[PDB]
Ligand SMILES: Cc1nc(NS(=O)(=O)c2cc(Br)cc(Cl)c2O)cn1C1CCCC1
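First, one chain by itself: the form solved without this ligand, in structure tokens.
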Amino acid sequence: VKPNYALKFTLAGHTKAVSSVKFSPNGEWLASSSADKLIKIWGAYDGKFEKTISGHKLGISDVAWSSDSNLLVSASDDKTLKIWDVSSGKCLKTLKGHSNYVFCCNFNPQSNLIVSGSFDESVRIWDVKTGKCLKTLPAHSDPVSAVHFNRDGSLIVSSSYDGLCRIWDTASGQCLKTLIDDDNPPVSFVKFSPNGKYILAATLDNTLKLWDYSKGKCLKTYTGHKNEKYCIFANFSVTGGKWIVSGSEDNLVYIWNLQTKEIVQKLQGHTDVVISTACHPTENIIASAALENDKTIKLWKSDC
């Protein structure tokens, strides 16, 4: 079995490189963040532009949805995060305290916490309702590329240019686990598997790895794409066949069989580094987005 993703829409309108795309948990919306300092909301099924959300003074590197699809959190080069009420577009909070670029962000499943990582080498845990920083973790010795909560919000995984992935206890803020590899290439992305038992980690040696973090064992590797320069996010695709999905610096979307590690499809049509991909939570739909030469978002659909 192989997927047959086909281009359905190309969404133009960001005036600089796109940095991330995320589907709302309820499946209704796609959100995109850009170096052009904007967030844009699009209809997930018809591609229709919904609205522009603005207020960051510098470009945005990441955006994330609350579990109830009502809020967005964005991370900016202006060293802040912002919490936005989606239906109004109003900024609800500005999260202040990082001393350098904010690179990555996520809500916990309860959506009372936001986790963030920054070029200042720290991971911060923020109270959503007050906007107050609850904890500053001295997580890494170089910029933090990714932060992600597990299924119940009791753990955080972080990754850094320093070459490490770390598993943190959310309530105590203590490091429970450090994944150390020889040759320690920079880690450009990490996230928990849907069941929270594994982590998917990208390194800037053109390599994705599926790890048992409790066992400290690497179960799968995925290769064939190009990832040497940029923090490209990867996804678990679970609505049809079980795939691994990632952008690539050769302008393609790559799709691997999760179990066999074979490449099952390559999506062509972007004209620059595909910096971000996202998988729709209920339909076999992929959103992809690209850097300065392209600046577009593409929606793809498959029967499996």
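Residue indices: 1-based, along the sequence shown. Take the two forms, find the largest set of C-alpha atoms that superpose within 1.5 Å, and that set is the rigid core.
A fit on the rigid core, followed by a root mean square over CA positions in 9 other deposited structures of this protein, ranks 139 to 147 against 179 to 187 and picks 179 to 187 as the more shifted one.
Averaged over CA atoms, B-factors in the entry run higher in 171 to 179 than in the other of 100 to 108 and 171 to 179. Taking the mean C-alpha B-factor of each stretch as recorded, 231 to 239 and 252 to 260 are not equal, and the higher mean is that of 252 to 260. Remark: of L134, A146, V123, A75, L134 shows the highest value [criterion: C-alpha B-factor in the PDB entry]. Of the candidates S160, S118, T80, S214, the one whose C-alpha carries the top B factor in the deposited record is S214. Annotation for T296: C-alpha temperature factor in the highest third relative to the rest of the modelled chain, per the entry. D68 sits in the middle third of its chain by CA B factor, as recorded in the PDB entry. The PDB entry assigns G27 a C-alpha temperature factor belonging to the lowest third of its chain's modelled residues. When the modelled residues of the chain are ordered by C-alpha B-factor, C165 sits in the middle third.
Placement of the Cα temperature factor of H225 within the chain: middle third of the modelled residues, per the deposited record.
A second form of this protein, the form deposited with this ligand bound, is not displayed here; the remarks below concern that form.
Interface residue among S111, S122, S193, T207, judged by heavy atoms within 4.5 Å of this ligand in the entry with it bound: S193. With the partner removed from view, the residue among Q259, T52, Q268, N26 that has a non-hydrogen atom within 4.5 Å of this ligand in the entry with it bound turns out to be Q259. Stretch 195 to 203 is the answer when you ask which of 169 to 177, 131 to 139, 88 to 96, 195 to 203 has residues with heavy atoms within 4.5 Å of this ligand in the entry with it bound. When contacts are judged by a 4.5 Å heavy atom cut-off, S246 does not count as touching this ligand in the entry with it bound. Contact check for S237: a non-hydrogen atom falls within 4.5 Å of this ligand in the entry with it bound. The closest non-hydrogen atom of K242 lies within 4.5 Å of this ligand in the entry with it bound.
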